[PDB]
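Everything on this sheet refers to the single structure shown next.
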Amino acid sequence: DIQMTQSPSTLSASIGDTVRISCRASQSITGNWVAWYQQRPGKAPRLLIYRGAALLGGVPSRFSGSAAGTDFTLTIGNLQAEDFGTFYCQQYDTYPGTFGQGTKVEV
Amino acid sequence: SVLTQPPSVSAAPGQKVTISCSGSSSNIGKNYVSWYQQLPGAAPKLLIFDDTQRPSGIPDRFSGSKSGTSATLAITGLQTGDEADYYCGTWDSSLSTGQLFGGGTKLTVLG
Amino acid sequence: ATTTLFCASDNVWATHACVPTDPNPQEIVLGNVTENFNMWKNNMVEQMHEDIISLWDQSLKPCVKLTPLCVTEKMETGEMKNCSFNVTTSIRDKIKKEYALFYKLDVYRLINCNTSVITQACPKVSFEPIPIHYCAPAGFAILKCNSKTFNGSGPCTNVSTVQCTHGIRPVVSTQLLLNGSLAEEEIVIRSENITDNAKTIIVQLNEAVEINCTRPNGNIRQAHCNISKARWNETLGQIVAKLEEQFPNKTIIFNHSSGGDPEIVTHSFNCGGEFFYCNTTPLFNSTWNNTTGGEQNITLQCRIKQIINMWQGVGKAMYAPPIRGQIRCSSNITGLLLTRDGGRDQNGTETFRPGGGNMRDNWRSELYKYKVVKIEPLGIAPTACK
Amino acid sequence: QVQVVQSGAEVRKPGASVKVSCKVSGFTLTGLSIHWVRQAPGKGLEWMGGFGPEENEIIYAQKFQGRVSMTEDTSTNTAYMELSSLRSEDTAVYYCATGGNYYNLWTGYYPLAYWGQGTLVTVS
Amino acid sequence: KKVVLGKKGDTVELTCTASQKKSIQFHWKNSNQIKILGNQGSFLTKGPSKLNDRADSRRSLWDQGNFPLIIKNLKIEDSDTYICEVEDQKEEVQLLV
Amino acid sequence: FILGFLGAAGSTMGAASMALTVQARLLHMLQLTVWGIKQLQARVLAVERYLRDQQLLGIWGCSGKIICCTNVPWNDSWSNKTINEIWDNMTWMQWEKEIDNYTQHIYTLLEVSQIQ
Amino acid sequence: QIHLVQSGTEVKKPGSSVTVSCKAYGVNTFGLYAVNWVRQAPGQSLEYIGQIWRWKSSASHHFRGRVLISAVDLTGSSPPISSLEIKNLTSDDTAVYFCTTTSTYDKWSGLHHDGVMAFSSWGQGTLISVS
Ligand SMILES: *[C@@H]1O[C@H](CO)[C@@H](O[C@@H]2O[C@H](CO)[C@@H](O[C@@H]3O[C@H](CO[C@H]4O[C@H](CO[C@H]5O[C@H](CO)[C@@H](O)[C@H](O)[C@@H]5O)[C@@H](O)[C@H](O[C@H]5O[C@H](CO)[C@@H](O)[C@H](O)[C@@H]5O)[C@@H]4O)[C@@H](O)[C@H](O[C@H]4O[C@H](CO)[C@@H](O)[C@H](O)[C@@H]4O[C@H]4O[C@H](CO)[C@@H](O)[C@H](O)[C@@H]4O[C@H]4O[C@H](CO)[C@@H](O)[C@H](O)[C@@H]4O)[C@@H]3O)[C@H](O)[C@H]2NC(C)=O)[C@H](O)[C@H]1NC(C)=O
Ligand SMILES: *[C@@H]1O[C@H](CO)[C@@H](O[C@@H]2O[C@H](CO)[C@@H](O[C@@H]3O[C@H](CO)[C@@H](O)[C@H](O[C@H]4O[C@H](CO)[C@@H](O)[C@H](O)[C@@H]4O[C@H]4O[C@H](CO)[C@@H](O)[C@H](O)[C@@H]4O)[C@@H]3O)[C@H](O)[C@H]2NC(C)=O)[C@H](O)[C@H]1NC(C)=O
Ligand SMILES: *[C@@H]1O[C@H](CO)[C@@H](O[C@@H]2O[C@H](CO)[C@@H](O[C@@H]3O[C@H](CO[C@H]4O[C@H](CO)[C@@H](O)[C@H](O)[C@@H]4O)[C@@H](O)[C@H](O[C@H]4O[C@H](CO)[C@@H](O)[C@H](O)[C@@H]4O)[C@@H]3O)[C@H](O)[C@H]2NC(C)=O)[C@H](O)[C@H]1NC(C)=O
Ligand SMILES: *[C@@H]1O[C@H](CO)[C@@H](O[C@@H]2O[C@H](CO)[C@@H](O[C@@H]3O[C@H](CO)[C@@H](O)[C@H](O)[C@@H]3O)[C@H](O)[C@H]2NC(C)=O)[C@H](O)[C@H]1NC(C)=O
Ligand SMILES: *[C@@H]1O[C@H](CO)[C@@H](O[C@@H]2O[C@H](CO)[C@@H](O)[C@H](O)[C@H]2NC(C)=O)[C@H](O)[C@H]1NC(C)=O
Ligand SMILES: *[C@@H]1O[C@H](CO)[C@@H](O[C@@H]2O[C@H](CO)[C@@H](O)[C@H](O)[C@H]2NC(C)=O)[C@H](O)[C@H]1NC(C)=O
Ligand SMILES: *[C@@H]1O[C@H](CO)[C@@H](O[C@@H]2O[C@H](CO)[C@@H](O)[C@H](O)[C@H]2NC(C)=O)[C@H](O)[C@H]1NC(C)=O
Ligand SMILES: *[C@@H]1O[C@H](CO)[C@@H](O[C@@H]2O[C@H](CO)[C@@H](O)[C@H](O)[C@H]2NC(C)=O)[C@H](O)[C@H]1NC(C)=O
Ligand SMILES: *[C@@H]1O[C@H](CO)[C@@H](O[C@@H]2O[C@H](CO)[C@@H](O)[C@H](O)[C@H]2NC(C)=O)[C@H](O)[C@H]1NC(C)=O
Ligand SMILES: *[C@@H]1O[C@H](CO)[C@@H](O)[C@H](O)[C@H]1NC(C)=O
Ligand SMILES: *[C@@H]1O[C@H](CO)[C@@H](O)[C@H](O)[C@H]1NC(C)=O
Ligand SMILES: *[C@@H]1O[C@H](CO)[C@@H](O)[C@H](O)[C@H]1NC(C)=O
Ligand SMILES: *[C@@H]1O[C@H](CO)[C@@H](O)[C@H](O)[C@H]1NC(C)=O
Ligand SMILES: *[C@@H]1O[C@H](CO)[C@@H](O)[C@H](O)[C@H]1NC(C)=O
Ligand SMILES: *[C@@H]1O[C@H](CO)[C@@H](O)[C@H](O)[C@H]1NC(C)=O
Ligand SMILES: *[C@@H]1O[C@H](CO)[C@@H](O)[C@H](O)[C@H]1NC(C)=O
Ligand SMILES: *[C@@H]1O[C@H](CO)[C@@H](O)[C@H](O)[C@H]1NC(C)=O
Ligand SMILES: *[C@@H]1O[C@H](CO)[C@@H](O)[C@H](O)[C@H]1NC(C)=O
């Protein structure tokens with residue numbers, strides 16, 4: 001496949017942080033075939049962001065991201081009390097892709 | 001198709017009196033009831049339409065209502081001014097074909 | 001992208017609005033493409049619906065049009081919001097302050113409605129639905145499936161490309177489809193959503209069943225249809241055969257339209273300037289385990305009514321006084337607009353009453369394959385180059 | 001304000017016809033807005049004809065099967081009720097009754113806001 | 001998620017709302033998935049139910065997006081939840097005695 | 001004559017170029033004036049759309065040419081792929097699914113190199 | 001809206017088979033929608049399993065032959081239901097299973113790249129353990 005690596009694997013953050021999470025790729029993903037997922041403990045790991053720079057309608061307007069060839073940046077803006085989620089980054093370039101490792105945020 | 005209403009209506013003039021129009025579900029238990037006023041000899045007019053709405057001449061002197069399968073009309077206390085005939089009138093939605101009118105109301109006062 | 005798409009094939013509307021024919025055939029067969037087709041989310045439907053609105057208020061003008069006029073008489077007193085705003089009671093100008101403070105609508109926000117009545121002319125205008133080849137504008141394409149078991153949704157592999165559509169005729173008909181195009185291989189059953197029992201199941205036939213309404217006498221406004229029995233038994237048999245080999249797995253029961261406004265209870269169609277409302281009870285009786293009503297010459301008593309409910313908008317309309325002579329209205333029964341009343345646990349059976357009344361649904365059967373697509377001929381490739 | 005004025009008094013024979021006119025002044029005529037109601041002296045009102053939720057018939061109330069005809073001329077703003085074959089209790093009072101300009105769209109149950117004066121047809 | 005009470009026999013009102021101002025196709029249902037009404041373009045059906053005659057909808061509000069429902073001759077046999085579907089608004093209104 | 005721009009869709013890109021070469025080498029009453037002018041209106045509209053895209057190519061120095069060699073080098077993040085997969089493993093659908101934000105940026109850079 | 005709901009939560013003996021059922025409310029059909037399958041070890045990262053893109057059932061290539069998928073279109077009283085056939089129950093297939101849906105409708109969405117997809121909505125998962 002094409003190996004992904006989420007970093008940093010664990011951080012902690014106060015309420016109202018701009019948490020910037022990188023997700024490295026072994027190859028260079030041109031076309032930005034990466035997605036960002038959120039999973040809270042016990043529930044369904046819903047999708048946050050498809051194609052790197054496109055926000056889903058059901059996700060609020062506080063999440064974003066960008067591309068750096070082999071790196072991909074997820075950005076929380078104005079971290080609220082409900083978005084304390086273990087994050088994931090899918091590469092969906094080649095068949096089949098794999099996900100990240102996690103970022104279990106605390107305070 | 002029948003619209004049973006009491007013919008003889010006699011009471012003291014001035015004490016808010018009521019009469020009903022009784023029918024069936026295809027006649028009155030489905031739709032609006034229109035109270036018509038006919039002077040004894042003159043051409044008729046209407047009193048109350050859609051059970052709450054009134055034309056410019058009447059409005060505040062009477063009160064009409066729809067209670068299940070029977071209507072209700074009441075005078076708010078006049079004397080000998082609207083002592084006349086009244087007729088409940090509605091359309092029949094069954095193929096008992098059309099618009100119907102009440103039998104007879106003889107509203108008179110004590111005098 | 002979705003655009004305005006013009007008309008037509010071969011003295012009021014089509015002279016002013018439409019173009020002449022094209023020397024068909026004009027098709028381009030594509031190879032290893034798989035274009036995703038959905039019929040129930042098309043935007044050729046609304047353009048065509050408004051286009052037939054543009055037809056029948058210029059070709060068959062009613063003498064009087066009685067339309068709603070629901071307005072928010074003087075004053076814009078409702079304002080942004082709140083409560084304690086009056087208006088109405090005695091005539092239309094007495095007081096009646098209302099209490100709210102969030103709003104929800106009076107007579108959400110308020111509207112006092114009205115009835116605009118309009119009188120239009122009335123020449124005794126003839127009518128005939130001409131075929132309308134809907135031709136795509138410059139720099140656009142109309143994609144088209146070819147498989148005969150096409151369920152509307154799903155992907156089609158044999159995708160062709162036309163420049164302009166096939167023969168389409170403006171036939172408004174509740175309760176039944178008239179003068180439609182049939183299927184090549186076999187009958188098809190659809191929905192927008194099966195198990196939802198509220199979307200108009202369209203059935204499109206492969207046997208060109210015919211229908212004959214005529215006006216004989218001794219009465220002025222009496223007419224009747226005749227349909228061939230033992231064509232109708234075969235048609236209902238293969239319809240219930242399809243519905244039992246796919247979706248149930250239950251017992252069948254047919255019935256008539258169970259009430260409402262009477263343009264759905266009767267098979268309604270316009271023909272020659274006459275609005276036939278024909279009774280459609282004896283057609284629907286095929287209570288059939290899968291294994292007294294005039295059994296050969298089945299007669300549909302049919303009234304001519306001329307104070308009609310508009311399908312065009314909401315409201316009624318009155319036309320010219322009726323005709324004196326006799327009118328032939330031979331047509332093709334091509335489909336069915338059926339609904340369900342799914343249930344109920346003891347049954348076991350399913351009551352399968354018909355529906356209809358939408359006229360956009362009667363275009364989704366003739367806007368059957370088609371999808372509007374926009375070409376873009378510009379591409380960028382990294383070659384050597386020299 | 002609309003005024004409705006009926007025809008004059010008209011004396012006929014048993015088996016004749018009657019054409020009651022109805023002048024309307026105050027709005028423009030539709031083709032539905034006028035019902036026709038008979039009253040006999042000695043009993044209540046009775047609906048001769050008018051329109052409702054069946055979508056052509058100015059409906060004839062189950063005793064007018066071959067002798068009545070009701071046609072409404074919208075250009076002259078005048079209605080014209082006709083009744084032939086006058087019988088023993090066709091000696092009554094006619095009324096050209098009319099609903100006003102209020103929420104009409106549906107025309108099944110709308111009542112009769114405006115009225116004539118009452119014409120008298122006697123059978124001698 | 002509303003609860004409305006009418007005693008017996010009288011009229012009662014239920015509302016869907018729609019913010020499109022077109023009189024689009026919509027439907028009312030009971031709790032056990034039997035229809036009561038249905039728009040078909042700009043017409044009116046009724047539901048093959050125990051409420052064929054007594055169910056009613058005022059029509060002129062449909063252009064405004066106001067989708068009403070008037071039920072008449074209420075009694076004990078109407079105490080169940082009625083549900084809009086217009087586009088997705090699967091509401092739940094309830095009637096009681 | 002713009003109908004057959006898409007007959008080689010689904011196939012790969014070099015076969016589509018050969019198909020482009022092949023398909024380009026291969027091609028008294030009021031009723032008279034009513035059914036006559038709409039043909040001319042469709043002809044003039046097709047001619048003006050074709051000429052519109054002709055000057056749209058002409059601003060890049062590509063007027064008339066189906067295949068023209070422009071002068072803008074890469075960014076290496078614009079589909080760093082070997083030429084064999086470029087011309088034999090991917091159709092047009094994958095690639096105009098892949099680089100749209102990049103094709104806006106290529107539009108800008110081709111204009112900037114076209115003026116100088 | 002999509003309110004994708006699976007069946008109940010089980011526990012298994014080794015060396016057997018199981019069909020996991022995922023019901024799909026709010027779905028037109030599996031022609032415009034594709035069903036992808038994910039698993040999750042209790043304490044690891046998520047793991048792809050399979051696809052029903054355009055009715056072509058296939059698991060992945062590191063995981064062939066054991067677990068293969070079927071799918072049922074909406075029929076009469078049934079919503080569309082995707083079912084998952086798992087053979088040869090080992091000790092470390094103990095996991096929470098997930099079914100997903102995606103929109104196949106337009107080509108130019110970006111949620112799909114020739115059957116390699118981002119996952120639009122999500123079920124609730126079923127845990128399978130080993131006694
Ligand atoms: C409008 O029209 C379009 C087109 O006209 C419609 O599209 C059609 O829709 C129908 C839906 O009814 C589709 O049928 C289903 O197809 C899927 C896909 O099947 C593919 O994958 C299977 C995988 O098999 C694996 O193993 C085999 C070896 O065993 C291996 O060879 C294979 O590679 C793979 O590894 C294949 O079996 C299958 O092959 C089929 O196609 C061949 C042609 O290519 C043909 O020659 C074969 O004979 C075979 O038929 C294909 O590659 C199927 O999964 C599905 O099958 C289920 O449903 C049918 C009927 O419902 C039933 O008979 C089957 O047994 C199976 O049912 C199981 O799954 C159900 C899921 O709901 C489950 O509920 C059942 O209980 C049952 O489960 C039992 O068995 C499983 C193991 O299978 C076990 O785990 C359980 O515990 C239990 O014991 C249907 O066949 C059409 O394919 C599709 N056509 C097209 C062109 O798209 C569209 O739907 C229409 N729309 C509307 C609204 O009407
Ligand atoms: C489905 O498609 C079929 C096929 O097109 C449609 O069937 C056609 O229906 C139309 C109208 O129903 C019909 O046209 C009539 O044909 C008659 C016989 O050929 C003509 O005699 C008739 O002309 C008369 O009517 C016109 C309108 O009033 C007049 O302008 C004309 O001068 C004629 O009027 C004289 O005759 C009548 C006869 O009673 C008399 O009352 C008048 O006073 C006057 O003396 C029409 O041209 C087509 O012929 C039908 N086509 C076929 C092949 O049968 C069908 O209608 C479609 N279904 C739907 C629902 O639209
Ligand atoms: C085609 O037509 C079918 C007809 O059935 C539609 O199916 C309905 O779809 C809706 C939503 O799409 C379903 O509503 C949802 O049901 C979920 C499952 O609960 C049902 O099942 C359990 C167990 O089987 C029952 O105990 C329960 O009573 C339900 O019957 C619920 O989980 C959902 O609730 C969640 O969302 C709502 C908001 O909608 C929240 O308020 C809740 O708190 C909760 O978070 C939801 O209610 C409905 O159940 C389906 N019908 C049937 C009969 O099952 C398709 O949607 C339709 N598709 C299209 C494309 O038109
Ligand atoms: C076809 O539709 C008609 C209505 O258009 C259905 O008729 C109605 O059927 C119901 C159920 O049988 C009747 O309700 C109840 O019937 C029982 C029968 O024992 C009776 O005891 C009750 O008093 C009550 O009437 C309803 O009356 C009846 N209405 C009419 C006008 O006939 C008919 O059932 C449908 N066809 C099929 C096969 O279901
Ligand atoms: C380039 O930027 C565009 C923004 O126009 C991105 O493409 C679209 O992003 C929007 C989000 O606002 C989505 O709704 C659209 O679906 C996207 N377009 C398509 C065709 O899918 C795009 O993601 C960016 N590309 C990068 C950063 O590589
Ligand atoms: C795909 O569709 C085309 C039509 O667009 C089919 O071509 C027709 O085939 C029949 C019989 O084979 C001929 O009678 C027609 O003249 C053909 N029409 C055209 C325009 O070529 C084609 O057969 C279909 N192919 C498949 C595999 O379904
Ligand atoms: C269409 O014809 C049928 C056949 O009579 C009518 O349906 C009912 O039929 C039964 C006999 O099974 C009669 O007892 C009823 O009187 C008929 N009418 C009703 C209202 O139940 C049906 O009414 C006719 N429809 C129209 C619009 O005329
Ligand atoms: C249905 O009824 C019509 C009218 O009775 C039948 O049509 C007749 O067919 C005979 C056959 O020789 C002709 O002679 C008549 O002139 C036809 N009359 C009309 C008005 O068309 C028709 O055949 C009947 N259908 C069936 C199946 O018997
Ligand atoms: C617009 O609507 C208003 C309010 O309904 C109409 O004013 C009158 O409203 C009262 C309410 O009881 C009716 O009784 C009157 O009949 C209505 N007017 C008349 C003259 O009939 C107002 O007339 C409407 N304007 C129209 C119809 O154009
Ligand atoms: C489609 O692909 C098949 C094999 O994959 C090939 O034989 C055929 O020529 C192709 N057709 C086109 C139009 O590319
Ligand atoms: C309907 O009329 C056509 C015209 O002649 C005839 O061919 C057909 O057999 C008729 N159908 C029936 C059922 O009478
Ligand atoms: C239809 O024909 C079959 C014979 O194939 C017969 O058994 C059945 O009773 C017929 N049904 C009707 C409704 O005529
Ligand atoms: C199909 O329907 C029949 C009758 O409704 C029923 O007996 C049978 O079990 C059904 N088949 C399945 C697989 O449910
Ligand atoms: C079936 O419908 C026909 C009308 O075509 C009617 O004459 C017959 O009595 C019905 N049969 C039953 C069993 O209801
Ligand atoms: C259909 O056949 C079954 C027996 O297989 C029987 O129980 C049922 O009553 C039959 N249907 C009808 C409507 O009689
Ligand atoms: C329709 O069928 C009836 C019954 O046979 C017949 O009397 C009538 O003439 C037919 N009408 C036509 C136009 O075929
Ligand atoms: C009705 O269908 C038959 C079946 O071939 C056809 O010959 C006839 O022309 C059709 N009638 C029309 C299109 O008016
Ligand atoms: C991708 O780009 C890097 C540097 O930009 C280059 O070294 C590498 O060879 C490229 N990949 C291929 C397959 O040429």
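Identifiers for the structure tokens are assigned positionally: chains receive A, B, ... in sequence, residues are indexed from 1 per chain, and ligands are indexed from 1 in the order shown.
A distance cut-off of 9 Å from ligand 15, applied to only C-alpha atoms and all ligand atoms, picks out the residues residues 251, 252, 253, 287, 288, 289, 290, 291 and 349 of chain C.
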For the residues in that selection, give me C-alpha atoms as a compact mmCIF listing (two decimals), in the first residue's frame.
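Generated file (selection_7.txt):
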```txt
# COMPACT_ATOMS: atom_id res chain seq x y z
CA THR C 251 -51.36 -11.67 -1.77
CA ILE C 252 -52.64 -9.08 -4.26
CA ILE C 253 -55.83 -7.01 -4.11
CA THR C 287 -57.64 -10.48 -6.59
CA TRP C 288 -55.36 -13.34 -7.54
CA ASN C 289 -53.67 -16.22 -5.83
CA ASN C 290 -50.50 -16.80 -7.80
CA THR C 291 -51.11 -20.12 -9.56
CA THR C 349 -52.78 -9.23 1.21
```
Who sits within 8 Å of stretch 76-82 of chain A, only C-alpha atoms, same chain under 4 positions skipped, as an mmCIF file with N, CA, C and O atoms, in the first residue's frame:
```cif
data_model
loop_
_atom_site.group_PDB
_atom_site.id
_atom_site.type_symbol
_atom_site.label_atom_id
_atom_site.label_comp_id
_atom_site.auth_asym_id
_atom_site.auth_seq_id
_atom_site.Cartn_x
_atom_site.Cartn_y
_atom_site.Cartn_z
ATOM 1 N N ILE A 15 -9.584 24.178 26.478
ATOM 2 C CA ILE A 15 -10.765 24.518 25.691
ATOM 3 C C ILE A 15 -10.497 25.817 24.943
ATOM 4 O O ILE A 15 -10.236 26.858 25.556
ATOM 5 N N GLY A 16 -10.560 25.758 23.617
ATOM 6 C CA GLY A 16 -10.234 26.905 22.797
ATOM 7 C C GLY A 16 -8.818 26.856 22.263
ATOM 8 O O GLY A 16 -8.112 27.868 22.258
ATOM 9 N N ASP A 17 -8.392 25.682 21.809
ATOM 10 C CA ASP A 17 -7.080 25.500 21.211
ATOM 11 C C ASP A 17 -7.184 25.402 19.698
ATOM 12 O O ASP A 17 -8.203 24.975 19.149
ATOM 13 N N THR A 18 -6.110 25.811 19.033
ATOM 14 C CA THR A 18 -5.921 25.569 17.608
ATOM 15 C C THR A 18 -4.962 24.388 17.515
ATOM 16 O O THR A 18 -3.742 24.545 17.565
ATOM 17 N N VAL A 19 -5.526 23.189 17.402
ATOM 18 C CA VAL A 19 -4.749 21.954 17.414
ATOM 19 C C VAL A 19 -4.393 21.631 15.966
ATOM 20 O O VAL A 19 -5.269 21.436 15.123
ATOM 21 N N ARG A 20 -3.097 21.583 15.680
ATOM 22 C CA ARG A 20 -2.598 21.365 14.330
ATOM 23 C C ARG A 20 -1.944 19.990 14.267
ATOM 24 O O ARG A 20 -0.912 19.760 14.905
ATOM 25 N N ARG A 62 -15.826 24.925 11.922
ATOM 26 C CA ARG A 62 -14.678 25.192 12.769
ATOM 27 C C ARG A 62 -13.479 24.306 12.464
ATOM 28 O O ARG A 62 -12.447 24.441 13.130
ATOM 29 N N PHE A 63 -13.578 23.411 11.487
ATOM 30 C CA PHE A 63 -12.507 22.483 11.152
ATOM 31 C C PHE A 63 -11.989 22.791 9.754
ATOM 32 O O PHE A 63 -12.760 23.184 8.873
ATOM 33 N N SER A 64 -10.688 22.609 9.546
ATOM 34 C CA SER A 64 -10.090 22.871 8.240
ATOM 35 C C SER A 64 -8.836 22.019 8.088
ATOM 36 O O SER A 64 -8.530 21.171 8.930
#
```
- Task: Taking only C-alpha atoms and all ligand atoms into account, report as an NGL selection string which residues have an atom no farther than 6 Å from an atom of ligand 16.
- Result: :C and (214 or 226 or 297 or 299)
For the selection just defined, write its residues with C-alpha atoms to a file, as a compact mmCIF listing (two decimals), in the first residue's frame.
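And here is the file that came out, result-v5.txt:
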```
# COMPACT_ATOMS: atom_id res chain seq x y z
CA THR C 214 -66.64 7.99 -27.84
CA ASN C 226 -64.40 0.35 -24.25
CA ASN C 297 -66.75 -5.34 -24.06
CA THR C 299 -67.79 -0.22 -20.62
```
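Residues of protein, DNA or RNA lying at most 7 Å from ligand 10, when only C-alpha atoms and all ligand atoms are considered, are residues 30, 31 and 32 of chain C; 8, 10 and 11 of chain F.
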- Message: Using only C-alpha atoms and all ligand atoms, which residues have at least one atom no more than 7 Å from ligand 18? Output them as a list in words.
- Response: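 Listed by chain and ascending number, the contacts are residues 76, 80, 81 and 82 of chain F.
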- Task: Name the residues, by chain letter and number, that sit within 7 Å of ligand 17 using only C-alpha atoms and all ligand atoms, and give them as a VMD selection string.
- Result: chain C and resid 179 208 210 331 to 332
Store the residues picked out above in a file with C-alpha atoms, as a compact mmCIF listing (two decimals), in the first residue's frame.
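This is the output file result-v1.txt:
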```txt
# COMPACT_ATOMS: atom_id res chain seq x y z
CA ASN C 179 -49.99 7.91 -25.79
CA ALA C 208 -49.94 -1.74 -26.61
CA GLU C 210 -55.86 0.27 -26.78
CA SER C 331 -55.79 6.07 -27.67
CA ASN C 332 -53.11 3.76 -26.26
```
- Message: Applying 7 Å and only C-alpha atoms, which residues near stretch 11-28 of chain G remain after dropping the ones on its own chain fewer than 6 positions away? List them as a PyMOL selection string.
- Response: (chain C and resi 193) or (chain G and resi 1-5+79-91+99+128-131)
Any chance you could export the current selection's N, CA and C atoms as a tab-separated table (two decimals), in the first residue's frame?
```
chain	number	residue	atom	x	y	z
C	193	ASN	N	-39.30	5.30	-3.96
C	193	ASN	CA	-38.89	4.58	-2.76
C	193	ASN	C	-39.95	3.51	-2.47
G	1	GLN	N	-31.41	11.63	4.63
G	1	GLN	CA	-30.69	11.23	5.83
G	1	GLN	C	-30.43	9.72	5.83
G	2	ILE	N	-29.36	9.31	6.49
G	2	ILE	CA	-28.96	7.92	6.56
G	2	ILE	C	-28.84	7.52	8.02
G	3	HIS	N	-29.65	6.56	8.44
G	3	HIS	CA	-29.69	6.07	9.81
G	3	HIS	C	-29.36	4.59	9.85
G	4	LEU	N	-28.24	4.27	9.21
G	4	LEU	CA	-27.69	2.92	9.06
G	4	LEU	C	-27.55	2.20	10.40
G	5	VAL	N	-28.23	1.06	10.53
G	5	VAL	CA	-28.31	0.31	11.78
G	5	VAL	C	-28.01	-1.16	11.49
G	79	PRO	N	-35.85	-2.70	3.69
G	79	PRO	CA	-34.85	-1.73	3.25
G	79	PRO	C	-33.63	-2.45	2.70
G	80	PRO	N	-32.71	-1.75	2.02
G	80	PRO	CA	-31.51	-2.42	1.51
G	80	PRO	C	-30.60	-2.90	2.64
G	81	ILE	N	-30.21	-4.17	2.57
G	81	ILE	CA	-29.50	-4.83	3.67
G	81	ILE	C	-28.24	-5.47	3.12
G	82	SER	N	-27.09	-5.11	3.70
G	82	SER	CA	-25.82	-5.70	3.33
G	82	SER	C	-25.39	-6.70	4.40
G	83	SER	N	-24.96	-7.88	3.97
G	83	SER	CA	-24.61	-8.97	4.87
G	83	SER	C	-23.19	-9.44	4.60
G	84	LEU	N	-22.52	-9.85	5.68
G	84	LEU	CA	-21.08	-10.09	5.69
G	84	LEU	C	-20.83	-11.52	6.13
G	85	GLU	N	-20.20	-12.33	5.28
G	85	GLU	CA	-19.99	-13.75	5.54
G	85	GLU	C	-18.55	-13.97	5.98
G	86	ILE	N	-18.38	-14.40	7.23
G	86	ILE	CA	-17.07	-14.59	7.85
G	86	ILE	C	-16.87	-16.07	8.11
G	87	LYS	N	-15.83	-16.64	7.50
G	87	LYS	CA	-15.45	-18.04	7.68
G	87	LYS	C	-14.22	-18.14	8.57
G	88	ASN	N	-14.06	-19.32	9.18
G	88	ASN	CA	-12.86	-19.74	9.91
G	88	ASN	C	-12.54	-18.78	11.06
G	89	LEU	N	-13.44	-18.76	12.04
G	89	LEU	CA	-13.34	-17.87	13.19
G	89	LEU	C	-12.11	-18.22	14.02
G	90	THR	N	-11.10	-17.36	13.96
G	90	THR	CA	-9.88	-17.51	14.73
G	90	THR	C	-10.05	-16.86	16.09
G	91	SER	N	-8.95	-16.72	16.82
G	91	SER	CA	-8.99	-16.07	18.13
G	91	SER	C	-8.81	-14.56	18.05
G	99	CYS	N	-20.29	-1.12	9.06
G	99	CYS	CA	-20.70	-0.95	7.68
G	99	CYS	C	-20.82	0.55	7.40
G	128	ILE	N	-17.52	-8.91	18.22
G	128	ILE	CA	-17.41	-10.37	18.20
G	128	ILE	C	-16.15	-10.75	18.96
G	129	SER	N	-16.32	-11.61	19.97
G	129	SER	CA	-15.23	-12.07	20.83
G	129	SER	C	-15.15	-13.59	20.77
G	130	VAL	N	-14.18	-14.14	21.50
G	130	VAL	CA	-13.87	-15.57	21.48
G	130	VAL	C	-13.91	-16.10	22.90
G	131	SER	N	-14.68	-17.15	23.13
G	131	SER	CA	-14.70	-17.83	24.42
G	131	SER	C	-13.79	-19.05	24.39
```
- chain C residues within 10 Å of chain D, counting only C-alpha atoms: which ones, as a VMD selection string? chain C and resid 63 to 70 112 to 119 221 261 to 263 277 303 to 309 314 to 318
